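K.L.:
first chunk of the complex, coordinates as they sit in the assembly:
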Amino acid sequence: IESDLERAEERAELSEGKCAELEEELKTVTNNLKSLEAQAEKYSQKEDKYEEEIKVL
């Protein structure tokens, strides 16, 4: 029982480390996604203006 308990606690520590790393990755990717969403909105505005000018011409 003692050996099994030691192994289980080591497993738990490893899982906690993995969870911390995953949190870091998630936050980084979230920031990148927000930046690209803003970029796409700028793209949309540019397209709107170009379409209007095309219609006028």
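P.N.:
Sure, I can see it. Numbers count the residues shown, from 1 in each chain, chains lettered A, B, ... in the order given.
K.L.:
Please, which helix or strand holds residue A:33?
P.N.:
In this structure, residue A:33 sits in helix A:2-56 according to DSSP states H and E.
K.L.:
other SSEs contacting that helix?
P.N.:
Under the contact criterion of 3 or more C-beta pairs under 8 Å, 6 or more residues apart in numbering; DSSP states H and E, helix A:2-56 touches no helix or strand at all. (C-beta placed from N, C-alpha, C; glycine too.)
K.L.:
so how many other residues sit close to residue A:52?
P.N.:
By the criterion of other C-beta atoms under 10 Å, residue A:52 has 10 neighbours.
K.L.:
Now do it against residue A:44, distance only.
P.N.:
Distance check for residue A:52 against residue A:44: by C-beta to C-beta, to the nearest Å, it reads 13 Å.
K.L.:
throw chain B on there as well:
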Amino acid sequence: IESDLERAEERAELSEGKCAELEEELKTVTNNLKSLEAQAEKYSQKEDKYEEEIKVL
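P.N.:
Putting chain B together with the chains above:
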């Protein structure tokens, strides 16, 4: 020692569950990033095409 083993097991289980959830979240957000990047590339190409159309018309 048996009670200690039970506590270690439950802590490991909780940590693994959180790890799985974080994995799913990172997968989803990374897929979103990939899709948005493809859209942005297509949008740059479309913008160049629209400017060419403006000039010719």
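K.L.:
can you check what packs on helix A:2-56 again with chain B included?
P.N.:
Here helix A:2-56 touches helix B:2-56, going by 3 or more C-beta pairs under 8 Å, 6 or more residues apart in numbering or on different chains; DSSP states H and E.
K.L.:
How far away from the center of its chain is the helix it packs on?
P.N.:
0 Å (C-alpha atoms, centre = their mean, to the nearest Å).
K.L.:
Residue A:12: what's it in contact with?
P.N.:
B:8, B:11, B:12, B:15 (C-beta atoms under 8 Å, 6 or more residues apart in numbering or on different chains).
K.L.:
ok, of these, which come out buried?
P.N.:
Using 16 or more other C-beta atoms under 10 Å in any protein chain shown as the burial test, those include B:8, B:11, B:12, B:15 as buried.
K.L.:
how about the nearest residue to the second one, chain neighbours excluded?
P.N.:
Counting by C-beta to C-beta, 6 or more residues apart in numbering or on different chains, residue A:12 is the residue found nearest to residue B:11 once chain neighbours are left out, at 4.6 Å.
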